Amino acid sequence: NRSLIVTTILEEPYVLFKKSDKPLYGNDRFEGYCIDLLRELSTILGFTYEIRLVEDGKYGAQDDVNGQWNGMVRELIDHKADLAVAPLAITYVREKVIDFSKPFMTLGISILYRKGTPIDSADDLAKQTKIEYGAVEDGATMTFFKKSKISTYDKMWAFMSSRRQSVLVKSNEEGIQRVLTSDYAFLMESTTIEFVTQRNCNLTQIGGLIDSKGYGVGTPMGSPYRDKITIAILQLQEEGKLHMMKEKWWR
């Protein structure tokens, strides 16, 4: 049968290009937690697949003036991919336009910053401007702030929007480099913060989780794969395989 087109995005340790001396081709180019997930789903559900990086390099958000989506979400809306297998947050706004499996990992927004300071919460960032802060452009964290009616978060959005050419970044990698190289705190998902802090010992999580969400496999709205992938994820969780995969990649 037809191979499924799987959209994804580079994001350590979920999706990476493998290091090698010989050039690599096709699906053999990729590794990571989400790549191992995809391999397991493919075996359980009996499909073949072709991995393609999302061409615009975005997770996906809606344009406020023209209403169009971008990123992996737009690829699914337009039926240019069958699945999105990535650290793709299940959110209110996205679930209205695409379908998601139940989550394979749970997480929340938190803060990445340097050690040694009195900053302990988002509220502490919101009430000042000397320490700048920001988020990945056109992802779920940005959209959370953009939509929030909560005073603290609304104040933070006004700051990030004002300063967006500087403080909104195109990747978590760029956000980390800003924390390391300037007085900047990065609003980041907690799973990714756990990976970064285990490797950058001068960095830490500030405060707790601001919210709660899961990562799910995206599908176009109405896809029959959505419920089949949910059941496969639940099987992998119960057998311990997801925990083993997390340990492997967060080591």
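One-based numbering along the sequence shown.
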Discussion item. If you average the CA temperature factors as listed in the entry, which stretch comes out higher, 145-153 or 117-125?
Written reply: 117-125
Practice prompt. Using only the Cα atoms and their B-factors as the entry lists them, report which of 38-46 and 65-73 averages higher.
Written response: 65-73
Worksheet, complete the sentence: The largest CA temperature factor among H79, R163, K102, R94 is found at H79
Fill in: Residue with highest C-alpha B-factor in the PDB entry, from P220, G214, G32, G207
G207
Response to the item:
Of the three thirds of Cα B-factor ranks in this chain, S20 occupies the highest
Worksheet item: Going by the entry, which third of its chain does the Cα temperature factor of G26 land in?
Response: highest
Worksheet item: When the modelled residues of the chain are sorted by Cα temperature factor, does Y225 land in the lowest, middle or highest third?
Response: middle
Discussion item. Splitting the chain's C-alpha B-factors into thirds, which one does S110 fall into?
Written reply: lowest
Worksheet item: Among the chain's modelled residues, which third holds the C-alpha B-factor of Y184?
Response: middle
